[PDB]
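Next comes final.cif, with mmCIF, C-alpha atoms.
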data_target
loop_
_atom_site.group_PDB
_atom_site.id
_atom_site.type_symbol
_atom_site.label_atom_id
_atom_site.label_comp_id
_atom_site.auth_asym_id
_atom_site.auth_seq_id
_atom_site.Cartn_x
_atom_site.Cartn_y
_atom_site.Cartn_z
ATOM 1 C CA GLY Y 305 0.000 0.000 0.000
ATOM 2 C CA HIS Y 306 1.020 3.579 -0.433
ATOM 3 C CA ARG Y 307 -2.411 5.219 -0.175
ATOM 4 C CA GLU Y 308 -5.285 6.039 -2.550
ATOM 5 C CA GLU Y 309 -3.700 9.458 -3.602
ATOM 6 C CA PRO Y 310 -5.674 12.342 -1.953
ATOM 7 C CA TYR Y 311 -8.242 14.504 -3.735
ATOM 8 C CA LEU Y 312 -8.106 18.303 -3.571
ATOM 9 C CA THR Y 313 -10.681 18.553 -0.776
ATOM 10 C CA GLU Y 314 -9.107 15.713 1.188
ATOM 11 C CA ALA Y 315 -5.726 17.435 0.868
ATOM 12 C CA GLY Y 316 -5.476 20.246 3.412
ATOM 13 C CA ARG Y 317 -3.659 21.888 6.382
ATOM 14 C CA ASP Y 318 -0.432 21.606 4.371
ATOM 15 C CA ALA Y 319 -1.886 21.629 0.864
ATOM 16 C CA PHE Y 320 -4.078 24.534 1.936
ATOM 17 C CA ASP Y 321 -1.017 26.637 2.793
ATOM 18 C CA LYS Y 322 0.666 25.314 -0.334
ATOM 19 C CA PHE Y 323 -2.372 26.178 -2.470
ATOM 20 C CA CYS Y 324 -2.391 29.654 -0.925
ATOM 21 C CA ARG Y 325 1.341 30.156 -1.586
ATOM 22 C CA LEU Y 326 0.899 29.111 -5.206
ATOM 23 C CA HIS Y 327 -2.053 31.475 -5.616
ATOM 24 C CA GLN Y 328 0.131 34.281 -4.238
ATOM 25 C CA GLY Y 329 2.888 33.402 -6.692
ATOM 26 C CA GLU Y 330 0.276 33.513 -9.462
ATOM 27 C CA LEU Y 331 -0.962 36.932 -8.343
ATOM 28 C CA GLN Y 332 2.556 38.380 -8.021
ATOM 29 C CA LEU Y 333 3.696 37.179 -11.451
ATOM 30 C CA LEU Y 334 0.495 38.413 -13.110
ATOM 31 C CA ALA Y 335 1.000 41.812 -11.432
ATOM 32 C CA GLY Y 336 4.692 42.412 -12.096
ATOM 33 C CA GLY Y 337 5.645 43.286 -8.517
ATOM 34 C CA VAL Y 338 3.446 46.252 -7.550
ATOM 35 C CA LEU Y 339 1.575 44.496 -4.719
ATOM 36 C CA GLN Y 340 3.945 43.000 -2.053
ATOM 37 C CA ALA Y 341 1.995 40.379 -0.004
ATOM 38 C CA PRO Y 342 3.044 39.813 3.654
ATOM 39 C CA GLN Y 343 3.252 36.609 5.719
ATOM 40 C CA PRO Y 344 -0.164 34.869 5.911
ATOM 41 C CA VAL Y 345 0.749 33.170 9.164
ATOM 42 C CA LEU Y 346 2.145 35.421 11.939
ATOM 43 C CA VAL Y 347 -0.464 36.314 12.930
ATOM 44 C CA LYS Y 348 -2.090 32.859 13.299
ATOM 45 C CA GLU Y 349 -5.656 32.322 14.620
ATOM 46 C CA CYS Y 350 -5.217 32.734 18.402
ATOM 47 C CA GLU Y 351 -2.781 35.647 18.256
ATOM 48 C CA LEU Y 352 -5.241 37.561 16.085
ATOM 49 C CA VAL Y 353 -8.125 36.669 18.412
ATOM 50 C CA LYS Y 354 -6.211 38.136 21.353
ATOM 51 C CA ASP Y 355 -5.196 41.222 19.317
ATOM 52 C CA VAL Y 356 -8.817 41.988 18.470
ATOM 53 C CA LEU Y 357 -9.962 41.175 22.034
ATOM 54 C CA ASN Y 358 -7.634 43.864 23.381
ATOM 55 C CA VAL Y 359 -9.608 46.439 21.390
ATOM 56 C CA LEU Y 360 -12.811 45.246 23.060
ATOM 57 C CA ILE Y 361 -11.095 45.839 26.378
ATOM 58 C CA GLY Y 362 -11.023 49.493 25.320
ATOM 59 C CA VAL Y 363 -7.450 50.122 24.154
ATOM 60 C CA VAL Y 364 -6.133 49.795 20.620
ATOM 61 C CA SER Y 365 -3.547 47.253 19.509
ATOM 62 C CA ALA Y 366 -1.201 46.088 16.745
ATOM 63 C CA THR Y 367 -3.432 46.358 13.671
ATOM 64 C CA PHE Y 368 -5.554 49.149 15.199
ATOM 65 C CA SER Y 369 -5.365 52.945 15.553
ATOM 66 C CA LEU Y 370 -7.317 55.839 17.069
ATOM 67 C CA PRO Y 390 -4.756 33.059 5.023
ATOM 68 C CA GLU Y 391 -5.171 36.243 2.972
ATOM 69 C CA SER Y 392 -8.954 36.716 3.104
ATOM 70 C CA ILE Y 393 -8.743 37.027 6.886
ATOM 71 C CA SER Y 394 -8.867 40.822 6.418
ATOM 72 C CA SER Y 395 -12.404 40.452 5.020
ATOM 73 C CA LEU Y 396 -13.574 38.634 8.153
ATOM 74 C CA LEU Y 397 -11.408 40.967 10.203
ATOM 75 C CA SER Y 398 -12.850 44.382 9.339
ATOM 76 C CA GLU Y 399 -16.383 43.425 10.469
ATOM 77 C CA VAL Y 400 -15.242 42.687 14.005
ATOM 78 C CA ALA Y 401 -12.466 45.340 14.032
ATOM 79 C CA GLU Y 402 -14.937 48.185 13.472
ATOM 80 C CA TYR Y 403 -16.879 47.318 16.643
ATOM 81 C CA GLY Y 404 -13.872 47.755 18.923
ATOM 82 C CA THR Y 405 -12.732 50.933 17.208
ATOM 83 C CA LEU T 150 -0.281 68.228 54.726
ATOM 84 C CA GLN T 151 1.966 71.175 55.598
ATOM 85 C CA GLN T 152 -0.908 73.670 55.806
ATOM 86 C CA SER T 153 -2.575 71.933 58.765
ATOM 87 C CA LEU T 154 0.281 72.490 61.280
ATOM 88 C CA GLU T 155 -0.312 76.246 61.263
ATOM 89 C CA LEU T 156 -4.113 76.251 61.760
ATOM 90 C CA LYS T 157 -4.061 73.810 64.669
ATOM 91 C CA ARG T 158 -1.927 76.032 66.864
ATOM 92 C CA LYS T 159 -3.932 79.198 66.177
ATOM 93 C CA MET T 160 -7.256 77.538 66.966
ATOM 94 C CA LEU T 161 -5.695 76.672 70.306
ATOM 95 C CA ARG T 162 -4.742 80.309 70.943
ATOM 96 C CA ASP T 163 -8.270 81.694 70.468
ATOM 97 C CA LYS T 164 -9.526 79.589 73.317
ATOM 98 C CA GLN T 165 -6.800 80.280 75.853
ATOM 99 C CA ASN T 166 -7.556 84.030 75.793
ATOM 100 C CA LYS T 167 -11.371 83.771 75.646
ATOM 101 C CA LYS T 168 -11.549 81.407 78.672
ATOM 102 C CA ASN T 169 -9.990 82.726 81.848
ATOM 103 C CA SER T 170 -10.599 79.273 83.378
ATOM 104 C CA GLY T 171 -8.690 77.372 80.686
ATOM 105 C CA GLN T 172 -5.860 75.481 82.375
ATOM 106 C CA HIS T 173 -2.662 73.716 81.161
ATOM 107 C CA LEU T 174 -3.513 73.355 77.444
ATOM 108 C CA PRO T 175 -1.392 70.703 75.714
ATOM 109 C CA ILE T 176 1.613 70.891 73.482
ATOM 110 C CA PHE T 177 1.743 68.240 70.763
ATOM 111 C CA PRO T 178 4.705 65.942 71.585
ATOM 112 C CA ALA T 179 7.747 66.015 69.305
ATOM 113 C CA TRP T 180 8.194 62.202 69.058
ATOM 114 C CA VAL T 181 4.933 61.803 67.118
ATOM 115 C CA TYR T 182 6.674 63.612 64.277
ATOM 116 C CA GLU T 183 10.173 62.215 64.784
ATOM 117 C CA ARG T 184 8.905 58.656 65.011
ATOM 118 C CA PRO T 185 5.849 57.401 63.147
ATOM 119 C CA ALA T 186 2.699 57.682 65.170
ATOM 120 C CA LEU T 187 0.522 59.220 62.471
ATOM 121 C CA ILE T 188 1.073 57.602 59.099
ATOM 122 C CA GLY T 189 1.744 53.872 58.993
ATOM 123 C CA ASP T 190 1.269 53.245 55.274
ATOM 124 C CA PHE T 191 4.610 54.829 54.195
ATOM 125 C CA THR T 201 13.918 39.705 44.768
ATOM 126 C CA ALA T 202 12.594 42.274 42.257
ATOM 127 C CA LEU T 203 12.716 40.428 38.927
ATOM 128 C CA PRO T 204 11.580 41.421 35.400
ATOM 129 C CA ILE T 205 8.201 39.763 34.845
ATOM 130 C CA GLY T 206 8.389 39.682 31.031
ATOM 131 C CA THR T 207 11.089 36.999 30.843
ATOM 132 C CA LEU T 208 9.121 34.600 33.100
ATOM 133 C CA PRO T 209 6.900 31.678 31.971
ATOM 134 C CA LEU T 210 3.173 32.396 31.549
ATOM 135 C CA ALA T 211 1.687 30.197 34.309
ATOM 136 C CA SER T 212 4.076 31.825 36.799
ATOM 137 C CA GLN T 213 3.415 35.339 35.451
ATOM 138 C CA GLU T 214 -0.316 35.171 36.211
ATOM 139 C CA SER T 215 0.081 33.898 39.804
ATOM 140 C CA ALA T 216 2.929 36.349 40.453
ATOM 141 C CA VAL T 217 1.234 39.471 39.081
ATOM 142 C CA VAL T 218 -1.964 38.762 41.037
ATOM 143 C CA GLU T 219 -0.067 38.171 44.308
ATOM 144 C CA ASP T 220 2.082 41.295 43.865
ATOM 145 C CA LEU T 221 -0.722 43.710 42.919
ATOM 146 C CA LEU T 222 -2.696 42.570 46.002
ATOM 147 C CA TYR T 223 0.190 43.784 48.161
ATOM 148 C CA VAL T 224 0.576 46.967 46.101
ATOM 149 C CA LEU T 225 -3.025 48.198 46.650
ATOM 150 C CA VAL T 226 -2.488 49.149 50.326
ATOM 151 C CA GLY T 227 -0.059 51.941 49.435
ATOM 152 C CA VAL T 228 3.334 50.274 49.738
ATOM 153 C CA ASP T 229 5.634 48.210 47.494
ATOM 154 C CA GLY T 230 4.752 44.664 46.541
ATOM 155 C CA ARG T 231 7.344 42.624 44.685
ATOM 156 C CA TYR T 232 7.197 43.233 40.915
ATOM 157 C CA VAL T 233 4.836 46.210 41.066
ATOM 158 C CA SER T 234 6.229 49.112 43.072
ATOM 159 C CA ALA T 235 4.455 51.955 44.829
ATOM 160 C CA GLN T 236 6.164 55.154 43.678
ATOM 161 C CA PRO T 237 7.419 57.227 46.642
ATOM 162 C CA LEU T 238 5.462 60.257 47.633
ATOM 163 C CA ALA T 239 4.460 59.242 51.209
ATOM 164 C CA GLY T 240 1.982 62.141 51.204
ATOM 165 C CA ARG T 241 -1.008 63.883 49.670
ATOM 166 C CA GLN T 242 -4.133 62.560 47.873
ATOM 167 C CA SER T 243 -1.813 61.423 45.017
ATOM 168 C CA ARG T 244 -0.234 57.992 44.592
ATOM 169 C CA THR T 245 0.950 56.184 41.447
ATOM 170 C CA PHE T 246 2.087 52.577 41.011
ATOM 171 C CA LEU T 247 4.571 51.159 38.498
ATOM 172 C CA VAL T 248 4.148 47.701 37.166
ATOM 173 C CA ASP T 249 7.128 46.463 35.125
ATOM 174 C CA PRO T 250 7.045 47.773 31.517
ATOM 175 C CA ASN T 251 7.886 44.436 29.852
ATOM 176 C CA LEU T 252 4.746 42.662 31.068
ATOM 177 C CA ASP T 253 2.691 41.072 28.257
ATOM 178 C CA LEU T 254 0.402 43.732 26.814
ATOM 179 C CA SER T 255 -2.960 41.956 27.240
ATOM 180 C CA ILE T 256 -2.415 41.254 30.948
ATOM 181 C CA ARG T 257 -0.775 44.629 31.735
ATOM 182 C CA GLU T 258 -3.628 46.718 30.270
#
As structure tokens, the full file:
Amino acid sequence: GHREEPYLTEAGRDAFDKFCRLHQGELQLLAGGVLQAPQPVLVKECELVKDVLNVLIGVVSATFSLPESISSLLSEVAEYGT
Amino acid sequence: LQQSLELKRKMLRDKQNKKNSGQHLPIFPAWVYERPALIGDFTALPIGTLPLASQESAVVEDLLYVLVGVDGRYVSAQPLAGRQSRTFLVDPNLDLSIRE
């Protein structure tokens, strides 16, 4: 046995990050280098949850002032603390 | 603080001259100022380098001492030893979520 060779949906948690990295390479080549994407990890899930929770305490934090789609989820809950 | 020491003596003086039967009025003893008989409310490691599950226990235990008006261990009571003002300094390198 070696296995039944994973599908795209069965592949994940490594192939997800891989698939993301390849999509970013696609976007950067099709742009020419006028975008400059940052690290998708750092922040991870729990670090970001604590960073947004600090704004609900009532003080701003790292991404605040007075994984690439995470910004789209992020703004909806960021606006409440600001 | 300093303004009281004046008033107290003068309020004494009004009542020695108005009463001709006032007898042997007190002087406030000197030792109460030289030695503490009025105010009784007046190792140190950086908390940021410590593990987490020691940082929580330590910061709670130290702030409980600090509240009374005197130094704890890792949070210090800044010296004024007087008026309605008092400030406390927790260590600056404490993790931001806990320190706020």
Within 10 Å of chain Y, which residues of chain T show up when using only C-alpha atoms, listed as a PDB file with C-alpha atoms, in the coordinates of the input?
ATOM      1  CA  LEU T 254       0.402  43.732  26.814  1.00  0.00           C
ATOM      2  CA  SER T 255      -2.960  41.956  27.240  1.00  0.00           C
ATOM      3  CA  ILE T 256      -2.415  41.254  30.948  1.00  0.00           C
ATOM      4  CA  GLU T 258      -3.628  46.718  30.270  1.00  0.00           C
TER       5      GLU T 258
END
Excluding stretch 397-403 of chain Y and any residue of its chain fewer than 5 positions from it, enumerate the residues within 9 Å of it, using only C-alpha atoms, and give them as a PDB file with C-alpha atoms, keeping the file's coordinate frame.
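As a result, part13.pdb now contains:
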ATOM      1  CA  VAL Y 356      -8.817  41.988  18.470  1.00  0.00           C
ATOM      2  CA  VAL Y 359      -9.608  46.439  21.390  1.00  0.00           C
ATOM      3  CA  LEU Y 360     -12.811  45.246  23.060  1.00  0.00           C
ATOM      4  CA  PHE Y 368      -5.554  49.149  15.199  1.00  0.00           C
ATOM      5  CA  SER Y 392      -8.954  36.716   3.104  1.00  0.00           C
TER       6      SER Y 392
END
Pairwise distance, atom CA of residue Y:324 with atom CA of residue Y:394, equals 14.9 Å
I need the output of the PyMOL selection byres ((chain Y and resi 345) around 12) for this file as a PyMOL selection string; which residues are they? chain Y and resi 321+324-325+341-344+346-352+390-393
Can you tell me how far atom CA of residue T:182 sits from atom CA of residue T:154, in Å to one decimal? 11.3 Å
Can you pull out the residues contacting residue T:221? Cut-off 10 Å, using only C-alpha atoms, and skip same-chain residues under 5 positions away; I want them as a list in words. residues 216, 226, 229, 230, 231, 232, 233, 234, 235, 246 and 248 of chain T
Can you measure atom CA of residue T:252 to atom CA of residue T:213 for me? One decimal in Å is fine.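 Result for atom CA of residue T:252 versus atom CA of residue T:213: 8.6 Å, one decimal.
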Identify all residues satisfying the PyMOL selection byres ((chain T and resi 174-179) around 12) in the given file; provide them as a count of residues only. 22
Which centre and edge lengths in Å to one decimal define the box along x, y and z that fits every listed atom of stretch 351-362 of chain Y plus 3 Å per side, as AutoDock Vina command-line options?
--center_x -7.8 --center_y 42.6 --center_z 21.2 --size_x 16.0 --size_y 19.8 --size_z 16.3
Could you check which of T:191, T:152, T:212, T:205 is closest to residue T:244, using all atoms listed in the file?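 Ranked by minimum distance to residue T:244, first place goes to T:191.
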